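Presented below is the structure to which this report refers.
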Amino acid sequence: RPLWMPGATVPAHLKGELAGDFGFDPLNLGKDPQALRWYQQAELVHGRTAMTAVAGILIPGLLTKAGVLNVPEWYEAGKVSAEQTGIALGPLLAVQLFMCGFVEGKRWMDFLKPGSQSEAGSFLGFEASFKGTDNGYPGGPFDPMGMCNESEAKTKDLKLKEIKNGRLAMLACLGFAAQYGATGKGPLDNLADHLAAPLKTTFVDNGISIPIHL
Amino acid sequence: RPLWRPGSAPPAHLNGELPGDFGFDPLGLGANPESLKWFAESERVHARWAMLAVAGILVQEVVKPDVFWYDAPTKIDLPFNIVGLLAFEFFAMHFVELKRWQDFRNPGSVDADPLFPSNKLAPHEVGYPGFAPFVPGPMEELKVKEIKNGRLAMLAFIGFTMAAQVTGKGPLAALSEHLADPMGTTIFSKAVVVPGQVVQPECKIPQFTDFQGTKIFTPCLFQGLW
Amino acid sequence: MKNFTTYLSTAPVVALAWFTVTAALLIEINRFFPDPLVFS
Amino acid sequence: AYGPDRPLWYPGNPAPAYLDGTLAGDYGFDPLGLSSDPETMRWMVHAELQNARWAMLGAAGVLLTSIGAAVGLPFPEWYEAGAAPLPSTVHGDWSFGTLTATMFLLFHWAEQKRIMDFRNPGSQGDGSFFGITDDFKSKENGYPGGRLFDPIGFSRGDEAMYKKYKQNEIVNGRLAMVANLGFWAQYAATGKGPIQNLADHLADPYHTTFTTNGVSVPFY
Amino acid sequence: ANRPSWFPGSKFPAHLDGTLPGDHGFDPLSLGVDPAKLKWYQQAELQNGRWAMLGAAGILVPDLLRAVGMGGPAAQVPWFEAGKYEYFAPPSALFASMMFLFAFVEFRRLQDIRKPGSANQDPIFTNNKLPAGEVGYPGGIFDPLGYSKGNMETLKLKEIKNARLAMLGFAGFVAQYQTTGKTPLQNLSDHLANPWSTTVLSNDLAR
Amino acid sequence: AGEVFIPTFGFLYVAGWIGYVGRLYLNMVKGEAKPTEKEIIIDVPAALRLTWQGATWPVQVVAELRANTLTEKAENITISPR
Ligand code: CLA
Ligand SMILES: CC1=C[C@H](O)CC(C)(C)[C@H]1/C=C/C(C)=C/C=C/C(C)=C/C=C/C=C(C)/C=C/C=C(C)/C=C/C1=C(C)C[C@H](O)CC1(C)C
Ligand SMILES: CC1=C[C@H](O)CC(C)(C)[C@H]1/C=C/C(C)=C/C=C/C(C)=C/C=C/C=C(C)/C=C/C=C(C)/C=C/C1=C(C)C[C@H](O)CC1(C)C
Ligand SMILES: CCCCCCCCCCCCC/C=C/[C@H](O)[C@H](N)CO
């Protein structure tokens with residue numbers, strides 16, 4: 001089985017089953033089966049959220065830097081949209097919290113009790129759809145085009161593609177924040193500046209990554 | 001079996017089957033059988049390339065004694081642009097080298113005309129494609145002549161290059177300079193390293209030789225260790 | 001060496017090492033970043 | 001070496017039990033029982049097969065650049081060959097910070113694979129890196145034979161030549177390590193760099209010793 | 001003793017046995033090792049190829065007519081400029097209309113990749129229907145000249161080869177225009193003038 | 001915030017890190033042969049394999065509260081006569 005590091009000792013609770021099980025639990029965090037299950041759902045949610053966010057920071061930018069759109073920088077769009085829409089931060093956030101809270105509540109209870117949201121009579125007409133299939137995979141209303149119903153090996157491929165792309169997107173978001181935090185420019189700007197003089201424009205030569213006093 | 005040093009004992013790996021075996025592996029390089037098989041292909045390829053080269057350097061000095069073989073490229077007018085000549089040369093050599101290597105990898109696989117399957121080279125030994133329209137004498141005898149001639153040529157080339165770095169002329173001009181003052185043109189007569197002194201021959205090759213407006217770095221082989 | 005390393009593992013020796021490293025770290029930190037009153 | 005009656009370090013004194021004589025360049029020399037532990041021996045053997053190999057390359061450089069600078073060839077002496085301007089690159093210009101980071105980055109990858117195989121033999125030979133397997137295996141601790149590390153096949157060939165070659169490596173490596181301390185200590189006393197120190201000692205051999213250099217012997 | 005090899009003297013990939021048309025044993029990155037994927041990837045070669053054969057004949061032709069002068073001002077427009085060229089409706093309307101049109105043909109064709117032999121039937125006219133055919137080779141009305149009897153096998157090994165060449169052709173046109181910034185025929189003429197100095201290397205070196 | 005506030009969490013994180021790593025080691029040597037001789041002659045190897053495990057101590061500590069494993073049952077702790 002592919003491992004995060006060749007020769008690394010596979011833990012024990014990480015038996016090839018979860019999508020992306022490369023045997024990486026150095027600090028034995030997922031030792032508890034319940035903890036591992038919650039962490040698995042947490043990972044999927046983190047990856048999916050990051051993938052749908054880095055796509056909203058890179059894609060819109062690459063097209064702005066190609067003249068197609070005019071979207072502002074991810075670290076400036078917030079203010080631009082606030083002054084554009086006119087909605088006050090407070091009201092905008094509060095509404096979002098309530099809507100996100102309700103959807104999170106349903107998913108949360110579905111974990112606490114698997115396939116429980118499909119209670120007879122709960123969500124008017126739809127409870128059935130709110131059943132769920134496996135931990136972080138609410139098949140049905142989600143995955144409408146039925147791509148995870150083709151075979152039992154297209155599921156295991158499409159699921160390794162979600163996790164590897166997610167893990168990458170999650171690290172990409174951390175990078176974008178750190179890049180702007182140190183460089184003070186957009187991600188594309190950083191990449192372009194690096195490709196210009198690759199051997200003279202790195203995190204070392206930024207002034208913030210390593211405060212070299214000596 | 002003639003040995004490189006009469007009275008020596010040939011290393012076990014050299015039982016002697018390869019043409020031109022003289023039990024010469026002082027450092028035991030071809031100890032690995034597969035390694036020896038590769039080195040064998042390298043020896044033949046090096047010799048054949050060197051044999052053509054040495055001959056060309058000598059001829060290009062009888063016909064056109066002016067252009068120096070070392071700087072010939074910068075002293076000759078290519079009918080085609082170097083970029084174009086290099087491009088064609090790369091693809092041409094790449095094709096022959098690939099088929100040539102594939103035979104060494106899997107013997108008897110590329111022994112056929114890919115464009116015309118009707119044409120097919122007869123079964124042959126690796127290192128010997130099969131192009132033998134004329135073989136003047138026993139194949140093994142001619143094989144020994146090819147390796148002995150090739151080994152001599154390879155040594156001659158290094159001599160051509162080093163002589164071209166110590167002196168600033170080609171093989172014929174250098175030999176004449178020797179024939180003129182035999183006891184005062186030898187390397188000993190032009191370079192001596194004493195326990196305290198270090199006389200090294202001057203490098204007659206400019207560190208960088210400009211070519212068509214592009215200065216080409218031309219270093220004197222280990223000019224520091226002469 | 002198995003028994004020398006055992007001695008270098010005894011509580012008094014390990015504590016002497018751990019503390020020396022921790023102390024030196026704080027000393028070196030103030031040496032390059034002096035007067036750290038606030039996290040700014 | 002490579003014998004029960006192998007020549008020893010202090011003729012007479014018996015050799016240590018852990019030092020049987022198999023290990024390359026074994027002369028039974030461990031006065032402070034540093035390698036009393038068998039696992040310690042393996043680690044110490046690997047470490048020596050690491051310091052000596054780097055030391056050998058380093059000595060080859062301090063001698064080649066030095067020989068050049070003495071003959072005249074523009075070559076900065078080992079001590080001043082760091083302040084020398086970094087050369088440009090097709091990609092761009094080199095920066096000291098990037099250079100150090102790149103040097104450590106690449107080293108971390110190789111060191112990890114080497115140590116991981118050292119801790120778990122054959123771990124690297126799992127076709128994980130582009131299918132390379134046996135080439136990523138280790139013939140012996142400190143001997144990573146293969147078709148990528150021993151291309152010519154000295155290890156794959158006559159074992160006697162391999163064993164002899166192993167002794168050459170250990171003895172030459174130990175000499176290079178000692179030589180390197182010289183290059184550094186002669187510099188931090190003479191301030192001239194080797195091949196100039198060999199040249200001064202061959203011009204006035206009797207009045208150009210360590211005793212007459214100011215730093216070595218303080219009173220003299 | 002088997003099919004032609006992309007590189008004579010090399011072994012055939014295990015998954016590539018020769019069943020597929022044009023199976024010259026070429027999958028170095030092992031992209032189509034998965035048989036299920038080999039099936040999708042195969043159909044994608046056909047569709048991507050057939051569309052590129054039309055794309056290459058849709059660029060070389062207009063330029064050929066323009067060069068001869070036979071082509072009208074429309075042909076005088078370079079393919080990489082036809083987008084700006086006016087016609088009757090704005091670029092948006094044309095794209096939207098072609099989308100709706102494509103949705104029907106594409107979905108109807110997919111019904112055949114998903115359930116092979118389940119789309120061959122005129123919806124409006126029950127009487128009209130295509131005969132049984134390999135997924136990817138519709139036949140029937142899609143073969144009006146009835147060439148589906150005369151050596152289908154070698155006419156199919158003629159399509160894949162032409163398709164692969166046409167696909168590399170459309171790559172060359174874009175790449176040459178990406179660097180040279182000229183029409184394909186212009187680049188070809190630039191070569192046939194000084195061919196030993198207008199090579200990509202010389203051009204990129206000059207850049 | 002840089003004064004007292006932010007510094008507060010910083011100490012709490014390291015404090016819990018030190019405490020969590022300590023309990024991890026204690027509960028590993030418990031059981032192991034003579035647990036009393038691994039407190040005087042500390043097992044520096046295993047002590048060095050548990051130090052980094054306390055980096056994500058908050059995540060592991062909570063997972064233990066929400067699993068009833070951080071504390072001991074009241075009927076297994078000796079208590080002084082009332
Ligand atoms: C794993 C080591 C460890 C841990 C996790 C704890 C944890 C705790 N101690 Mg405690 N303690 C320890 C060691 C430890 N102690 C030692 C060695 C001593 C002797 C000096 C004491 C003496 C002590 C007293 C007198 C009291 C506590 C109290 C407490 C509780 C209050 C929380 C607090 O602020 O800590 C408090 C910690 C201290 C006051 C001193 C200990 C601080 C040391 C430096 C930490 C131990 C590090 C350890 C050596 C690491 C081992 C690593 C291993 C690999 C070798 C708490 C649960 C209080 C309590 O009972 O609450 C009700 C209290 O009254 N401790
Ligand atoms: C469910 C459903 C239903 C049915 O079934 C169908 C359908 C519809 C299809 C489905 C859907 C799905 C989805 C949504 C998906 C998504 C995806 C994504 C977005 C990904 C991303 C993904 C993403 C990612 C990876 C990311 C990446 C990024 C990166 C690398 C970055 C990098 C960088 C950094 C850091 C910084 C600098 O300065 C710059 C750079 C250099 C640039
Ligand atoms: C097989 C293999 C295997 C191994 O493993 C790996 C590897 C090697 C990678 C692989 C390979 C692959 C490849 C090569 C692929 C390719 C593809 C292509 C190129 C396609 C085309 C494709 C192409 C195409 C479609 C084309 C298209 C086009 C079109 C529609 C149109 C256009 C135009 C024209 C007419 C003219 C006008 O005025 C304008 C327009 C309108 C604009
Ligand atoms: C464009 C990048 C192409 C990289 C070159 C080919 C991909 C290399 C992937 C390495 C994966 C292991 C190498 C091969 C392993 C064997 O075929 C089996 N799959 C593993 O035993």
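Chain labels follow the order of the structure tokens: the first chain is A, the next B, and so on; residue numbering restarts at 1 in every chain, and ligands are counted from 1 in their shown order.
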Proximal residues of chain E relative to chain B (only C-alpha atoms; 10 Å) as an mmCIF file with N, CA, C and O atoms, in the first residue's frame:
data_model
loop_
_atom_site.group_PDB
_atom_site.id
_atom_site.type_symbol
_atom_site.label_atom_id
_atom_site.label_comp_id
_atom_site.auth_asym_id
_atom_site.auth_seq_id
_atom_site.Cartn_x
_atom_site.Cartn_y
_atom_site.Cartn_z
ATOM 1 N N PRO E 4 1.695 -3.951 -34.993
ATOM 2 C CA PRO E 4 2.822 -3.024 -35.078
ATOM 3 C C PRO E 4 3.071 -2.402 -33.699
ATOM 4 O O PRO E 4 2.108 -2.100 -33.020
ATOM 5 N N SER E 5 4.340 -2.242 -33.316
ATOM 6 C CA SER E 5 4.678 -1.616 -32.010
ATOM 7 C C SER E 5 5.052 -0.149 -32.238
ATOM 8 O O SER E 5 5.807 0.122 -33.194
ATOM 9 N N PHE E 7 7.155 1.473 -30.913
ATOM 10 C CA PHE E 7 8.638 1.467 -31.018
ATOM 11 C C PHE E 7 9.109 0.031 -31.267
ATOM 12 O O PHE E 7 9.237 -0.738 -30.296
ATOM 13 N N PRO E 8 9.367 -0.368 -32.531
ATOM 14 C CA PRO E 8 9.783 -1.735 -32.840
ATOM 15 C C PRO E 8 10.927 -2.182 -31.921
ATOM 16 O O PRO E 8 11.905 -1.462 -31.818
ATOM 17 N N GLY E 9 10.786 -3.352 -31.292
ATOM 18 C CA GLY E 9 11.823 -3.854 -30.367
ATOM 19 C C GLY E 9 11.398 -3.712 -28.916
ATOM 20 O O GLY E 9 12.154 -4.169 -28.036
ATOM 21 N N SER E 10 10.233 -3.104 -28.672
ATOM 22 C CA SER E 10 9.718 -2.941 -27.286
ATOM 23 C C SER E 10 8.539 -3.892 -27.060
ATOM 24 O O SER E 10 7.854 -4.230 -28.046
ATOM 25 N N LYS E 11 8.307 -4.296 -25.808
ATOM 26 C CA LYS E 11 7.207 -5.250 -25.495
ATOM 27 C C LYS E 11 5.860 -4.519 -25.550
ATOM 28 O O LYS E 11 5.854 -3.283 -25.384
ATOM 29 N N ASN E 194 13.793 28.591 -45.867
ATOM 30 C CA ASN E 194 15.102 28.222 -45.276
ATOM 31 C C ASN E 194 14.828 27.113 -44.273
ATOM 32 O O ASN E 194 14.730 27.416 -43.078
ATOM 33 N N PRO E 195 14.722 25.816 -44.668
ATOM 34 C CA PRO E 195 14.339 24.794 -43.715
ATOM 35 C C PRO E 195 15.435 24.474 -42.696
ATOM 36 O O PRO E 195 15.112 23.936 -41.673
ATOM 37 N N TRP E 196 16.689 24.825 -42.996
ATOM 38 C CA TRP E 196 17.817 24.463 -42.095
ATOM 39 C C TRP E 196 18.090 25.577 -41.076
ATOM 40 O O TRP E 196 19.176 25.553 -40.465
ATOM 41 N N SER E 197 17.153 26.516 -40.911
ATOM 42 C CA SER E 197 17.364 27.646 -39.968
ATOM 43 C C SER E 197 16.025 28.157 -39.420
ATOM 44 O O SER E 197 16.049 29.050 -38.552
ATOM 45 N N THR E 198 14.905 27.611 -39.903
ATOM 46 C CA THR E 198 13.571 28.017 -39.381
ATOM 47 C C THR E 198 13.018 26.903 -38.484
ATOM 48 O O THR E 198 11.783 26.827 -38.338
ATOM 49 N N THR E 199 13.903 26.081 -37.907
ATOM 50 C CA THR E 199 13.470 24.998 -36.984
ATOM 51 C C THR E 199 12.993 25.623 -35.668
ATOM 52 O O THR E 199 13.408 26.759 -35.370
ATOM 53 N N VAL E 200 12.166 24.897 -34.906
ATOM 54 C CA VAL E 200 11.605 25.453 -33.638
ATOM 55 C C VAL E 200 12.763 25.973 -32.782
ATOM 56 O O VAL E 200 12.613 27.056 -32.188
ATOM 57 N N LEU E 201 13.875 25.233 -32.732
ATOM 58 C CA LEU E 201 15.022 25.637 -31.881
ATOM 59 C C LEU E 201 15.489 27.029 -32.316
ATOM 60 O O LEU E 201 15.537 27.924 -31.452
ATOM 61 N N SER E 202 15.771 27.204 -33.612
ATOM 62 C CA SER E 202 16.269 28.510 -34.117
ATOM 63 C C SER E 202 15.243 29.602 -33.800
ATOM 64 O O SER E 202 15.641 30.657 -33.279
ATOM 65 N N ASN E 203 13.961 29.340 -34.076
ATOM 66 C CA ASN E 203 12.901 30.351 -33.813
ATOM 67 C C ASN E 203 12.894 30.706 -32.322
ATOM 68 O O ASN E 203 12.973 31.914 -32.021
ATOM 69 N N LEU E 205 15.188 30.259 -30.048
ATOM 70 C CA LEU E 205 16.468 30.931 -29.694
ATOM 71 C C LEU E 205 16.370 32.411 -30.071
ATOM 72 O O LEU E 205 16.775 33.257 -29.250
#
Margin query: Just want the 12 Å neighbourhood of residue D:8, counted on only C-alpha atoms, with same-chain residues fewer than 6 positions away dropped. Output as a VMD selection string.
Written below: chain D and resid 1 to 2 14 to 16 19 to 21 25 to 30
Keeping C-alpha atoms for every residue in the selection just given, could you write it to a file as a short mmCIF file (atom, residue, chain, number, x, y, z; two decimals), in the first residue's frame?
data_model
loop_
_atom_site.label_atom_id
_atom_site.label_comp_id
_atom_site.auth_asym_id
_atom_site.auth_seq_id
_atom_site.Cartn_x
_atom_site.Cartn_y
_atom_site.Cartn_z
CA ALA D 1 42.48 -6.26 8.25
CA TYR D 2 39.70 -8.78 7.38
CA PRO D 14 44.55 -7.54 22.77
CA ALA D 15 41.80 -6.30 20.38
CA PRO D 16 38.23 -5.53 21.67
CA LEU D 19 35.98 -5.62 16.92
CA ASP D 20 36.27 -9.18 15.46
CA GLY D 21 38.15 -8.10 12.28
CA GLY D 25 39.86 -1.30 8.32
CA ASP D 26 39.35 -3.09 11.66
CA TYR D 27 42.51 -2.77 13.83
CA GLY D 28 40.83 -3.32 17.23
CA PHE D 29 41.00 0.40 18.18
CA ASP D 30 38.19 1.46 20.59
#
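Of the listed residues D:4, D:146, D:38, D:122, the one whose atoms come nearest to residue B:32 is D:146, with distances taken using only C-alpha atoms.
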Item checked: Within 12 Å of chain C: residues of chain A, using only C-alpha atoms, as a PyMOL selection string -> chain A and resi 211-214
What residues in chain B have any atom no more than 12 Å from chain D when counting only C-alpha atoms, and can you write them as a compact mmCIF listing (two decimals) with N, CA, C and O atoms, in the first residue's frame?
# COMPACT_ATOMS: atom_id res chain seq x y z
N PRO B 11 42.81 -12.08 -15.26
CA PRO B 11 41.80 -12.16 -14.21
C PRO B 11 40.75 -13.23 -14.55
O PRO B 11 40.51 -13.44 -15.73
N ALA B 12 40.15 -13.86 -13.54
CA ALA B 12 39.19 -14.96 -13.80
C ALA B 12 38.12 -14.53 -14.82
O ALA B 12 37.82 -15.32 -15.73
N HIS B 13 37.57 -13.32 -14.67
CA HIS B 13 36.45 -12.88 -15.56
C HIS B 13 36.88 -12.96 -17.03
O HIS B 13 35.99 -13.16 -17.89
N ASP B 25 42.69 -6.44 -16.93
CA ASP B 25 41.68 -5.77 -16.10
C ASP B 25 42.38 -5.52 -14.77
O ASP B 25 41.99 -6.15 -13.78
N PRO B 26 43.44 -4.68 -14.70
CA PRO B 26 44.17 -4.49 -13.47
C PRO B 26 43.25 -4.11 -12.31
O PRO B 26 43.48 -4.57 -11.23
N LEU B 27 42.23 -3.29 -12.57
CA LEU B 27 41.35 -2.81 -11.48
C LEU B 27 40.10 -3.68 -11.41
O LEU B 27 39.29 -3.45 -10.51
N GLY B 28 39.95 -4.65 -12.31
CA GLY B 28 38.82 -5.58 -12.25
C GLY B 28 37.53 -4.87 -12.52
O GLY B 28 36.60 -5.07 -11.74
N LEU B 29 37.47 -4.08 -13.59
CA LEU B 29 36.26 -3.25 -13.84
C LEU B 29 35.14 -4.16 -14.34
O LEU B 29 34.04 -4.11 -13.77
N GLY B 30 35.41 -4.96 -15.37
CA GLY B 30 34.39 -5.85 -15.94
C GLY B 30 34.22 -7.13 -15.13
O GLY B 30 33.95 -8.18 -15.74
N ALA B 31 34.38 -7.03 -13.81
CA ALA B 31 34.18 -8.21 -12.93
C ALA B 31 32.74 -8.71 -13.08
O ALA B 31 32.55 -9.93 -13.21
N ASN B 32 31.77 -7.79 -13.06
CA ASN B 32 30.35 -8.17 -13.27
C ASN B 32 30.17 -8.61 -14.72
O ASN B 32 30.54 -7.83 -15.62
N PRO B 33 29.62 -9.81 -15.00
CA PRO B 33 29.50 -10.30 -16.38
C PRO B 33 28.68 -9.34 -17.25
O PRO B 33 29.13 -9.02 -18.34
N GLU B 34 27.53 -8.90 -16.75
CA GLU B 34 26.66 -7.97 -17.52
C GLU B 34 27.43 -6.66 -17.74
O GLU B 34 27.34 -6.11 -18.86
N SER B 35 28.14 -6.19 -16.72
CA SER B 35 28.95 -4.95 -16.86
C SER B 35 29.98 -5.14 -17.97
O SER B 35 30.12 -4.23 -18.81
N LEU B 36 30.66 -6.29 -17.98
CA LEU B 36 31.67 -6.58 -19.02
C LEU B 36 30.99 -6.56 -20.39
O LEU B 36 31.60 -6.02 -21.34
N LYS B 37 29.78 -7.12 -20.49
CA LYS B 37 29.04 -7.14 -21.77
C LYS B 37 28.82 -5.71 -22.26
O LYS B 37 29.05 -5.44 -23.45
N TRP B 38 28.39 -4.82 -21.36
CA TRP B 38 28.19 -3.39 -21.73
C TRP B 38 29.54 -2.78 -22.13
O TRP B 38 29.63 -2.23 -23.24
N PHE B 39 30.54 -2.88 -21.25
CA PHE B 39 31.88 -2.32 -21.54
C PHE B 39 32.34 -2.81 -22.91
O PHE B 39 32.98 -2.02 -23.64
N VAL B 193 58.20 18.79 -13.71
CA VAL B 193 57.73 19.10 -12.33
C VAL B 193 58.77 18.57 -11.34
O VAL B 193 58.85 17.34 -11.17
N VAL B 194 59.55 19.47 -10.73
CA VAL B 194 60.58 19.06 -9.74
C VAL B 194 59.97 19.19 -8.34
O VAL B 194 58.96 19.91 -8.21
N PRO B 195 60.52 18.52 -7.30
CA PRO B 195 59.94 18.56 -5.95
C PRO B 195 59.67 20.00 -5.47
O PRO B 195 58.93 20.16 -4.52
N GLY B 196 60.29 21.00 -6.11
CA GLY B 196 60.08 22.40 -5.72
C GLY B 196 59.52 23.25 -6.86
O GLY B 196 58.83 24.24 -6.56
N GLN B 197 59.80 22.87 -8.12
CA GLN B 197 59.37 23.71 -9.27
C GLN B 197 58.21 23.05 -10.03
O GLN B 197 58.02 21.83 -9.86
N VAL B 198 57.48 23.83 -10.83
CA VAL B 198 56.33 23.29 -11.61
C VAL B 198 56.30 23.96 -12.99
O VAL B 198 55.68 25.04 -13.11
N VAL B 199 56.95 23.36 -13.99
CA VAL B 199 56.90 23.88 -15.39
C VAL B 199 55.82 23.11 -16.15
O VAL B 199 56.03 21.91 -16.41
N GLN B 200 54.72 23.77 -16.50
CA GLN B 200 53.61 23.10 -17.24
C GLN B 200 53.49 23.73 -18.63
O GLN B 200 53.71 24.95 -18.76
N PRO B 201 53.16 22.94 -19.68
CA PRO B 201 53.09 23.47 -21.05
C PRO B 201 51.98 24.52 -21.17
O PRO B 201 50.93 24.32 -20.59
N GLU B 202 52.24 25.60 -21.91
CA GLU B 202 51.23 26.69 -22.07
C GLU B 202 50.01 26.15 -22.83
O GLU B 202 50.21 25.38 -23.78
N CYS B 203 48.81 26.55 -22.42
CA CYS B 203 47.60 26.12 -23.11
C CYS B 203 47.40 27.03 -24.31
O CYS B 203 47.13 28.23 -24.16
N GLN B 207 40.49 30.10 -23.57
CA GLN B 207 39.50 29.52 -22.62
C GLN B 207 38.12 29.50 -23.28
O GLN B 207 37.38 28.52 -23.06
N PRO B 219 37.89 24.61 -22.76
CA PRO B 219 38.87 24.44 -21.69
C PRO B 219 40.03 23.49 -22.05
O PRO B 219 39.79 22.54 -22.77
N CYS B 220 41.23 23.77 -21.54
CA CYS B 220 42.38 22.85 -21.77
C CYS B 220 42.31 21.72 -20.73
O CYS B 220 42.51 22.01 -19.54
N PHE B 222 42.20 19.59 -17.81
CA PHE B 222 43.00 19.68 -16.56
C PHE B 222 44.28 20.47 -16.81
O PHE B 222 45.38 19.92 -16.56
N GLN B 223 44.16 21.71 -17.28
CA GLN B 223 45.35 22.55 -17.50
C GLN B 223 46.11 22.67 -16.19
O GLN B 223 47.29 23.01 -16.24
N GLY B 224 45.45 22.44 -15.05
CA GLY B 224 46.09 22.62 -13.74
C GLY B 224 46.98 21.45 -13.36
O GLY B 224 47.83 21.62 -12.46
N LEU B 225 46.80 20.29 -14.01
CA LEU B 225 47.58 19.08 -13.65
C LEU B 225 48.42 18.64 -14.86
O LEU B 225 48.15 17.54 -15.39
N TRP B 226 49.39 19.46 -15.26
CA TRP B 226 50.25 19.13 -16.43
C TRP B 226 51.72 19.06 -16.00
O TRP B 226 52.53 18.54 -16.79
Next item on the list: Would you list the residues that come within 9 Å of ligand 4? Count only C-alpha atoms and all ligand atoms and give the answer as a ChimeraX atom specification.
Entry: /D:126-132 /E:28-30
Keeping only C-alpha atoms, take the residues you just selected and write them out as a CSV table (one decimal), in the first residue's frame.
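New file out-v6.csv:
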chain,number,residue,atom,x,y,z
D,126,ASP,CA,9.5,-0.8,-2.7
D,127,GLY,CA,9.1,0.6,-6.2
D,128,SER,CA,7.6,3.6,-4.4
D,129,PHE,CA,10.2,5.9,-6.1
D,130,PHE,CA,9.6,5.3,-9.8
D,131,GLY,CA,9.8,1.5,-9.5
D,132,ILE,CA,13.5,1.5,-8.5
E,28,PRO,CA,3.8,4.4,-21.2
E,29,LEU,CA,2.0,6.3,-18.4
E,30,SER,CA,-0.3,3.3,-18.0
Note to self: Hey, which residues sit close to ligand 2? Say within 9 Å, counting only C-alpha atoms and all ligand atoms, and write them as an MDAnalysis selection string.
What the structure shows: chainID A and resid 47:56 58 139 141:148 162 164:180 183 185:192 194
Check: When the cut-off is 9 Å and we count only C-alpha atoms, which residues of chain C are near chain F, given as a PyMOL selection string?
Finding: chain C and resi 6-12+14+37-40
Selected residues written out with C-alpha atoms, as a compact mmCIF listing (two decimals), in the first residue's frame:
# COMPACT_ATOMS: atom_id res chain seq x y z
CA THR C 6 21.81 3.74 31.36
CA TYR C 7 23.60 6.09 33.84
CA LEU C 8 23.16 9.09 31.47
CA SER C 9 19.41 8.23 31.56
CA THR C 10 19.06 8.36 35.40
CA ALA C 11 16.73 11.13 36.70
CA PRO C 12 19.52 13.49 37.99
CA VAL C 14 18.28 13.68 32.38
CA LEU C 37 7.58 42.63 27.70
CA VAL C 38 4.56 42.28 25.32
CA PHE C 39 3.67 39.92 22.41
CA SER C 40 3.01 43.06 20.28
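By chain and then residue number, the residues within 9 Å of stretch 64-74 of chain B are residues 57, 58, 59, 60, 61, 77, 78, 161, 164, 165, 168, 169, 170, 205, 209, 210, 211 and 212 of chain B, counting only C-alpha atoms and disregarding those fewer than 3 positions away in sequence.
If you look at atom CA of residue E:66 and atom CA of residue E:80, they are 13.9 Å away from each other.
The spacing separating atom CA of residue A:151 from atom 11 (C, counted along the ligand's line) of ligand 3 amounts to 26.0 Å.
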Check: Quick one: residues within 12 Å of ligand 1, with only C-alpha atoms and all ligand atoms, as a PyMOL selection string?
Finding: (chain C and resi 9-16+18-19) or (chain F and resi 11-12+14-29+38-54+70-71)
Next item on the list: May I ask for the distance between atom CA of residue E:25 and atom CA of residue E:43, given in Å to one decimal place?
Entry: 17.0 Å
Checklist line | Near-stretch 53-63 of chain D list (12 Å; only C-alpha atoms; drop same-chain fewer than 3 positions) as a ChimeraX atom specification | finding: /B:224-225 /D:46-50,66-70,75-81,142-143,166,168-184,187,193-198
Note to self: Could you list, as a PyMOL selection string, all protein and nucleic acid residues with an atom at most 7 Å from ligand 3, counting only C-alpha atoms and all ligand atoms?
What the structure shows: chain E and resi 26-31+48-49+51-52+54-59+78-80+82-83+167-168+170-171
Check: Just asking: which residues within stretch 7-104 of chain E are helix (DSSP H, G or I) according to DSSP, as a PyMOL selection string?
Finding: chain E and resi 35-56+60-68+73-76+79-81+91-104
Checklist line | Contact residues around stretch 95-112 of chain D with only C-alpha atoms at 8 Å, ignoring same-chain residues under 2 positions, as an MDAnalysis selection string | finding: (chainID A and resid 199:202 204:205) or (chainID D and resid 86 93 114:116)
Output C-alpha atoms for every residue in the selection just made, as a short mmCIF file (atom, residue, chain, number, x, y, z; two decimals), in the first residue's frame.
data_model
loop_
_atom_site.label_atom_id
_atom_site.label_comp_id
_atom_site.auth_asym_id
_atom_site.auth_seq_id
_atom_site.Cartn_x
_atom_site.Cartn_y
_atom_site.Cartn_z
CA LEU A 199 16.78 30.91 -7.30
CA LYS A 200 16.46 34.38 -5.68
CA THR A 201 12.73 34.54 -4.73
CA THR A 202 11.92 31.92 -2.03
CA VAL A 204 13.98 32.36 2.79
CA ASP A 205 14.34 35.69 0.90
CA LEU D 86 27.78 32.69 -6.85
CA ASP D 93 20.65 34.50 -10.25
CA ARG D 114 19.37 6.37 3.45
CA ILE D 115 18.53 6.40 7.22
CA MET D 116 15.09 4.79 6.60
#
